[PDB]
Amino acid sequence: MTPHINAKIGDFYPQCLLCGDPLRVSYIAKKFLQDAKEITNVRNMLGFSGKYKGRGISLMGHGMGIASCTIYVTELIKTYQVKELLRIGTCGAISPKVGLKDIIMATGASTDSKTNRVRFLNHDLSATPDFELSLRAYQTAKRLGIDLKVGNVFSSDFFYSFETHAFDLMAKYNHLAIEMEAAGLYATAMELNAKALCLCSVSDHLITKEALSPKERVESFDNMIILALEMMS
């Protein structure tokens, strides 16, 4: 039905969790969902629909980077009628305000990409999440006793930065971490009148300088997963 998703129209629930990693999506379906069905698998980018403790949710992989993320989110909204999108990914810490393990809620996503300038009159689009979703996250995290760190992230076109000298400046301006997709998710959701939010877990520390294995990036962040499932349930 679209070039990158081979689900039937109607296979997605209106609420969808997203990860860049399709194997994290697969792990979520197996560990937390019942009656789960793989609904799409083009380019190995898996998506699922199932029940979290009796309530329907969908999961979808979005690949790495703003261009990849934009592709999947565009199709989810425009073709698959998805209304609420919650990214739960990984990020690299740069700020003294946060530590490893920490879950960050991104109230803004700054970027070194040109995509928002192309979208938005070559001006500065402030890429932001839906407020209702951010409120629901905060309240749920409180209810569950999960100490959520709240601020900006910086969404980069680079995993391997050319601007490591600038991390302190970013931290000063309340950038808690760097990842590579939130500004894409936020701008696409704004374009298309949908509700989006990004949470991310600090697996890696860019200034100290720890890094999780590929396996730990799938398996270490059950608290963030539970937060997402609970807030969309």
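Start at 1 with the first residue shown and count on from there.
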Could you settle it for me: does 220-228 or 11-19 have the higher average Cα B factor in the PDB entry? 220-228
Check the entry's C-alpha temperature factors for 138-146 and 123-131, then say which stretch has the higher mean. 138-146
Pick out which of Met60, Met64, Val202, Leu199 has the highest C-alpha B-factor in the PDB entry. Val202
Sorting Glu75, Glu84, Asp102, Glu163 by Cα temperature factor from the record, which one lands on top? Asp102
Sorting the chain's CA B-factors, does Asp168 end up in the lowest, middle or highest third? middle
Among the modelled residues of this chain, does the Cα B factor of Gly151 put it in the lowest, middle or highest third? middle
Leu176 by Cα B-factor - lowest, middle or highest third of the modelled chain: middle
Using the B-factor values recorded in the entry, state whether the Cα atom of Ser95 falls in the lowest, middle or highest third among the modelled residues of its chain. highest
Chain-wide C-alpha B factor ranking for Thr188, given as lowest, middle or highest third: lowest
